[PDB]
Amino acid sequence: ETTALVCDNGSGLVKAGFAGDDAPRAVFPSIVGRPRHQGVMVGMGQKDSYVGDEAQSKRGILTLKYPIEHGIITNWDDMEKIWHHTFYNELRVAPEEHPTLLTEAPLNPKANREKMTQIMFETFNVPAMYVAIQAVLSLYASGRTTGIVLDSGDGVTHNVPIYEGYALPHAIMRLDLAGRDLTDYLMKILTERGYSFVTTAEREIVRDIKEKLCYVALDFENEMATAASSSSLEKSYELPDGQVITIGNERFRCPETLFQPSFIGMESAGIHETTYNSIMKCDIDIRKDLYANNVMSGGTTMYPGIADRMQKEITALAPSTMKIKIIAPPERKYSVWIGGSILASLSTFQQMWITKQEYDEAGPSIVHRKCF
Amino acid sequence: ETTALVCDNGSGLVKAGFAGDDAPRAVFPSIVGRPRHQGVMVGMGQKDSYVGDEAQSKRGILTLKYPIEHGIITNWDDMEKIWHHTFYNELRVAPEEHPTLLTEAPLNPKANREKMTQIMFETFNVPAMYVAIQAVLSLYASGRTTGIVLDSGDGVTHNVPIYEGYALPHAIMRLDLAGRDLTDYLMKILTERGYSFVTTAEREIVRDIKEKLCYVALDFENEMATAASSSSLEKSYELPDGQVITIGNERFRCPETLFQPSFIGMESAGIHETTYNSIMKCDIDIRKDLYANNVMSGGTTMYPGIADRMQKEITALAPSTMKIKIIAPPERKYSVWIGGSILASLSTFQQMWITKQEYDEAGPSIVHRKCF
Amino acid sequence: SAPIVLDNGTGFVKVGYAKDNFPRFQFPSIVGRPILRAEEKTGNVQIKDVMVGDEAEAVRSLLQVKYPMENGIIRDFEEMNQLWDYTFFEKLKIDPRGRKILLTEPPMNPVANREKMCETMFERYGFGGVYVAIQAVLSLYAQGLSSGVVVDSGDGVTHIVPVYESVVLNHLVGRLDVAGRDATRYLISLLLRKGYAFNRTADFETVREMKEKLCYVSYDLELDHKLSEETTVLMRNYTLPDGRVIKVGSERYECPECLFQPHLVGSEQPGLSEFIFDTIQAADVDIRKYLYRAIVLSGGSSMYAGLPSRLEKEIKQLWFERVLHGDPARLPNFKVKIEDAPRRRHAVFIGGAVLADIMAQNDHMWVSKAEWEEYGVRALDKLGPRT
Ligand SMILES: Nc1ncnc2c1ncn2[C@@H]1O[C@H](COP(=O)(O)OP(=O)(O)OP(=O)(O)O)[C@@H](O)[C@H]1O
Ligand SMILES: Nc1ncnc2c1ncn2[C@@H]1O[C@H](COP(=O)(O)OP(=O)(O)O)[C@@H](O)[C@H]1O
Ligand SMILES: Nc1ncnc2c1ncn2[C@@H]1O[C@H](COP(=O)(O)OP(=O)(O)O)[C@@H](O)[C@H]1O
Ligand SMILES: [Mg+2]
Ligand SMILES: [Mg+2]
Ligand SMILES: [Mg+2]
């Protein structure tokens, strides 16, 4: 094989690139844009639809949509469109000569596996492919053979304890809370300041607001109480149109939703209660290392100071008889891609791909038979 | 205590009257009119600014402008002038004696509520007061405790689902489409017939036209096809000048914007789809019941035939196994006022007023620790 | 051969073909019926039954003039039919059957006017093609720009339309019912202040030329009131074509003031700059720079001296007062650029000429005679589904 392609079709962002490298030449938000204004001006070739960085650049007129929601896919036509974009525009390589690696969260419905694999088969006629779980690559990038992980993304947050090459399937749970819900709650709390954001184009600027002007507190009640003298925490954000935004306690309130999901009408365990329950449900002989072999990955964990709060909180829930550690690599956002590239870089992985010859007689159902 | 006061400061009209009654003591447009002629008529005591029904009477020369924009007050000076006019002309009772009650849109920038309570305590000396969302008053109007309230007025429209006892804040949806936008779109489409209205008094005339000769089509394309033969949809109006206005498909084209917001170029879902999404955000334990009760309230929802289309379209979206009924009270315009009066009449409500005694040591922020 | 383009403006008529640069012929949209009054009425050459166009405006002394188009719409249509007949039969003297014509129309006109204008153009002439375009998109074509808001001010009505990256925001098109005709009427009133009276019909064109030559837009109101209150430098002397001289003072800067302060002519609508600001502000937050960064003046009525500078200064000031609420910290971070091309008067014609060969050689883009006759008036939907 000449080269191997790996691609993680994340809910918000899509990461793709040749295996065995470090810089992804294909990273861009998973956006399909369509011109909302029916009235058009004759000439200049008004495109039927826009996808990718072009769509983001012309976000002003279009009505942008996310093909992936909560991880499930609803816009399979947009899926083929964005896959075509990825394969041809910014890679300049014919898909039918290289294998592809695919990823998704655990507990994904089987029909999703079937449809994604089947379209990979016919629509592109790529030589071979493999599909696995994101957390596997997240751990394999770090070169660690055992340790629980927390893969928080734009639309999926799941915890996957990992043993020496295996895992306890009774111990993996996936939480729907992610960057999308964080954005929604950020909108609902910024409606206080008089700032209004309803259009999807305004969602794309609310996302930037969250990315650049947010942080995680260490003791929410105490810092909210001391925020009564809101002078050292309020900052200034420059909206694209030209005015200014005086963000306040909401700069730290919105990421707190991860710790307390009771603020978004989600009667669910917090981001630390899920970890505590997952480890407590694991084996007693591995509670010790699972207490201090947790890592961070994905784009959601880019919050400054979230690592210290998470560490202290899981230490508080855990018994104090033993030490607790946290792992926060400064490349949590591309950890899944790096793990995929590393796994595809394995000297003996070439025989775990699925070429044409299996599907020529087997069918799509065999992916659950061997691929996982 | 002598009595109680309820003043629903709506975007377009104000319904101020004593509690414990079903008929408002005074309902009038919330307009502050200032003449645009320096040619003062010496004598006969004409005053600098006109408010209330006098503004409607003299709209031939004034410049009518509402002091509320999409539920947010922006000209506090004229707001306090309107309140002065109410209290000492249409109620003839000093605010120092009778406590008042106010209404606020959900998700309103709370600086509005803070300034409202501050200015009332400052320049009106009310013994006590409270602020409640129109949705809970609308629910209390029918005497029940289940359903989702479709309260659409002059500034904004909102849906707040609610079960017995407690509400569901995460499911509250609000859209800015309302009677003002309907009037604006009607004025925009009237110029296609050769009739031009530009001045604010002309806006009031078009609003009266919309009051008298508008309805919601059962099926948009069917009625548009029916518009091929101008037989029944064609009506006539008598201008105050003495003119005669011929109106066609604009009778039912302008109320359609409630269901197709793209008509006025606003990216959004029609109020039916907004209600469907809001109910879908609720859990399975609650929507089975909330489907049956749908409370319709506000001035905008008074359109003849809107309830039938609402019902048919909501059952179209909902699964076919559901039974959906739309509540259509014949007193929906004052429904929020009747709900407020019923709430004030209950003897179990005297406990959670907002007295000056607790306000003095707590400041204007007490409105947030008391109301919600 | 080449398709014909027609711009039947309220106060003027322009006509030409594709690939042209300057209008081939321009002439007022006037119709002259013969009349005898207390004049000398020299028999120069002859007086025909109906005289229109350049001959009408030249012999205007002996005839009364009626304007077929008012407020951007045609009031009486027989006179306008005479106008098309004149333009096609002697201004260009080429009247084939089957040629392609590209018409123009301000945005929010009544449907009946456009429908029956197209019906007349089809039946009475038999042209094989038709297309009606907004003046704003033609003004946008004139400079070749793609994104930006363009304002068109003419004799009949002033309108503004924002366009962002080859997409016309049909829900934010503007329509300000104040134009050159209202300015001329206010000029007549302001001259009636002093004592001069212009009640004839030729006097309307006389005062129109007077406002053309003398009137100018102020840049600072208080400065010009001081100048007209203490100094006599603003006085100008104008000699009528009849040969009589009058005195004009503050009228020079008070005539076009009605565009910026429409309450002078009894209009409740906001001024030019305020209406532009509201139109730009009502748009989405993303395109607001490109709306501000590219404002293109167009039309004859925008040729007022000192208008672009006043517009730019006033829009900056109004942004400062309305957004910053008096804080001068962020003022230097605003980019507004008003375009002032020399031919913004004929920008509509230039855009029409460009669009004539932009969409030529393919009749399946516009309406044909057969399609018109077999799909009635409703056939006139291929042009554009504007609001
Ligand atoms: N230099 C100038 N100063 C003042 N006014 C001017 C100047 N040049 C032209 N005008 C005004 O512009 C008007 C001509 O505008 P024009 O006929 O191009 O608009 P129009 O095409 O009739 O507009 P519409 O398309 O809306 O009917 C004249 O009435 C004249 O008063
Ligand atoms: N610098 C940053 N600071 C804070 N949050 C970030 C940052 N960068 C990305 N994010 C968050 O990460 C999310 C993107 O997650 P992503 O990596 O796309 O997950 P997936 O690949 O599973 O879709 C966004 O919703 C965003 O809110
Ligand atoms: N009979 C009617 N039919 C249709 N629309 C109406 C009718 N009466 C009032 N409206 C519309 O309702 C609006 C008044 O709503 P209102 O109940 O005052 O809301 P708010 O109290 O929030 O201002 C008016 O702008 C008017 O356009
Ligand atoms: Mg992922
Ligand atoms: Mg209300
Ligand atoms: Mg013109």
Once both labels are modelled 7 Å past Cα along the beta-carbon direction, what's the C:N81-B:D289 spacing in nm?
7.3 nm
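Between beta-carbons, use under 11 Å as the cut-off and find the net charge around C:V161, counting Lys and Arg +1, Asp and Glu -1. Present the calculation step by step, with values, prior to reporting the outcome.
Numbers: positive: C:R175, C:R386; negative: C:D152.
Net of charged neighbours comes to +1.
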Which of C:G195, C:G148, C:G352 moves the most in a Gaussian network model of chain C with Cα springs under 10 Å?
C:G195
Specify whether the C-alpha gyration tensor of chain A places it in the rounded, prolate or oblate class, a ≥ b ≥ c being the square roots of the eigenvalues: rounded for a/c under 1.5, otherwise prolate if a/b is larger than b/c and oblate if not.
oblate
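Note the full-extension length gain between C:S1 and C:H225 as 0.36 nm times their separation in residues minus their Cα-Cα distance, in nm to one decimal.
Details: separation 224, 0.36 × 224 = 80.64 nm, distance 5.65 nm.
Contour length minus the Cα-Cα distance gives 75.0 nm.
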For B:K81, place a label point 7 Å out from Cα along the Cα→Cβ vector, do the same in each other copy, and report the separations in nm, one decimal, smallest first.
5.2
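If the only charges are +1 at each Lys and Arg Cβ and -1 at each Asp and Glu Cβ, what is the size of the charge dipole of chain C around the Cα centre, to the nearest 20 debye?
Working: 49 positive and 54 negative charges, 118 e Å.
Dipole size: approximately 560 debye.
Please arrange C:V217, A:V40, A:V156, C:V149 by counting, for each residue, the other beta carbons lying within 10 Å of its beta carbon, fewest first. Provide the component values of the computation, followed by the final result.
Details: C:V217 21, A:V40 15, A:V156 29, C:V149 26.
Least crowded to most crowded, the residues run A:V40, C:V217, C:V149, A:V156.
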In the structure shown, of C:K226/C:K337; A:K188/A:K281; B:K281/C:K289; A:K281/A:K323, the pairs separated by more than 31 angstrom at the C-alpha atoms are A:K188/A:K281; B:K281/C:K289
Kindly identify chain C as rounded, prolate or oblate by the Cα gyration tensor criterion: order the square roots of the eigenvalues as a ≥ b ≥ c, call it rounded if a/c is under 1.5, otherwise compare a/b with b/c, prolate if a/b is larger, else oblate.
oblate
The rounded separation in angstrom of the Cα centers of the range B:128-142 and the range C:145-189 is 47 Å
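How many Cβ atoms of partner chains, on average, are near each residue of A:238-244 if near means within 10 Å of its Cβ? Intermediate values should be presented prior to the final figure.
On the way: counts 2, 2, 5, 11, 10, 5, 6.
Mean shielding by partner chains, rounded to a whole number: 6.
Averaged over its residues, how many other protein chain Cβ atoms are within 10 Å of peptide A:35-45's Cβ atoms?
Values: counts 2, 4, 9, 7, 12, 5, 10, 9, 7, 4, 1.
The per-residue average across the peptide is 6.
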Would you compute, from DSSP H runs of 4+ residues alone, the mean residue ellipticity of chain C at 222 nm, taking -39500 (n - 2.57) per run and dividing by the full residue count, rounded to the nearest 500?
-9500 deg cm²/dmol
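Quickly estimate the mean residue ellipticity at 222 nm for chain B, helices only: each DSSP H run with n ≥ 4 gives -39500 (n - 2.57), and the total goes over all residues, rounded to 500.
On the way: 14 runs with 126 residues, N = 372.
One gets -9500 deg cm²/dmol as the mean residue ellipticity at 222 nm.
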For peptide B:260-272, what's the mean number of Cβ atoms from other chains within 10 Å of each residue's Cβ?
3
Can you tell me how the range A:179-264 classifies by the Cα gyration tensor, rounded, prolate or oblate, using a/c under 1.5 as the rounded cut?
oblate
Sorting check: for B:331-338, B:66-73, B:111-118, B:223-230, which peptide has the highest mean count of neighbouring beta carbons within 10 Å, and how do the rest follow?
B:331-338, B:66-73, B:111-118, B:223-230
Between A and B, which A residue has the Cβ nearest their rotation axis, distance in Å?
A:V198, 3
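Could you list B:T123, A:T86 so that the one with the fewest beta carbons within 10 Å of its beta carbon is first and the one with the most is last? All intermediate terms of the calculation are to be shown ahead of the outcome.
Working: B:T123 11, A:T86 22.
Ordered from fewest to most neighbouring Cβ atoms within 10 Å, B:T123, A:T86 come out as B:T123, A:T86.
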Over chain A, with a Gaussian network built from C-alpha contacts below 10 Å, which listed residue (A:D283, A:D219, A:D151) shows the highest mean-square fluctuation?
A:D219
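Among A:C7, A:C254, which comes first, then next, by fewest other beta-carbon atoms within 10 Å?
On the way: A:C7 21, A:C254 26.
Least to most surrounded, the residues fall as A:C7, A:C254.
At a Förster radius of 45 Å, what calculated FRET efficiency corresponds to the Cβ-Cβ distance of A:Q118 and B:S196, to the nearest 0.05?
The computed FRET efficiency comes out at 0.15.
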Net +/- balance of residues flanking B:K210 in space, Cβ distance below 12 Å, scoring K and R +1, D and E -1:
-1
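Rounding to the nearest 20 debye, state how big the charge dipole of the range A:179-264 is about its Cα centre with +1 on each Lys and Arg Cβ and -1 on each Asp and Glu Cβ.
So the magnitude is around 100 debye.
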From the label point of A:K235, set 7 Å from Cα along Cα→Cβ, how far away are the matching label points in the other copies, in nm, ordered shortest to longest?
5.6
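Once you charge only the Cβ atoms, +1 for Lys and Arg and -1 for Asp and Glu, what is the size of the charge dipole of chain A about its Cα centre, to the nearest 20 debye? Don't jump to the answer; show the numbers that get you there.
Values: 37 positive and 47 negative charges, 49 e Å.
Magnitude of the dipole: close to 240 debye.
Count neighbours as other Cβ atoms within 10 Å of each site's Cβ, and list the trypsin sites (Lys or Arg not before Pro) in the range C:67-120 that are DSSP loop with at most 11 such neighbours. Write down the numbers at each step before the final one.
Details: sites: C:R75, C:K91, C:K93, C:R97, C:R99, C:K100, C:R114, C:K116; in loops: C:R75, C:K93, C:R97, C:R99.
When the trypsin sites (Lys or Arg not before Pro) of the range C:67-120 are filtered for loop state and at most 11 Cβ neighbours within 10 Å, C:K93, C:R97 remain.
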Copies of A:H170 compared via label points 7 Å along Cα→Cβ give distances in nm, shortest first, of 2.9
Mean-position separation - Cα centroids, the range A:1-72 and the range A:242-313, in angstrom
29 Å
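Looking at this model, which pairs from A:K65/A:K370; A:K210/B:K370; B:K210/B:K235; C:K14/C:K100; A:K212/A:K333 are more than 24 angstrom apart at the alpha-carbon? Write down the numbers at each step before the final one.
Numbers: A:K65/A:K370 34 Å; A:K210/B:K370 30 Å; B:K210/B:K235 12 Å; C:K14/C:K100 16 Å; A:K212/A:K333 15 Å.
Cα-Cα > 24 Å for A:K65/A:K370; A:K210/B:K370; rest within.
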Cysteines (scope the protein assembly as shown) whose Cβ has no counterpart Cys Cβ under 4.7 Å
A:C7, A:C214, A:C254, A:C282, A:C371, B:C7, B:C214, B:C254, B:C282, B:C371, C:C118, C:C258
Given the options A:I247, A:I271, A:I342, state which has the largest fluctuation in a GNM of chain A using a 10 Å cut-off (strictly under) for Cα springs.
A:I247
Give me the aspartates and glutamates in straight-line cross-link reach of C:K66: C-alpha distance below 16 Å, same-chain residues under 8 apart excluded.
C:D49, C:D54, C:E55, C:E57, C:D76, C:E78, C:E79, C:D155, C:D203, C:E205
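First select every other residue whose beta carbon is under 13 angstrom from the beta carbon of A:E69; then total the charges, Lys and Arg +1, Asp and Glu -1. Intermediate results must be reported in sequence, preceding the final value.
Working: positive: A:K65, A:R180; negative: A:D78, A:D154, A:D176, A:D181, A:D184.
With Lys, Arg at +1 and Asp, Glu at -1, the neighbours total -3.
All of the numbers you see were taken from the coordinates with simple rules; none came from a lab. So basically every Cβ, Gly included, is an ideal-geometry build from the backbone, and we count neighbours across all protein chains shown.
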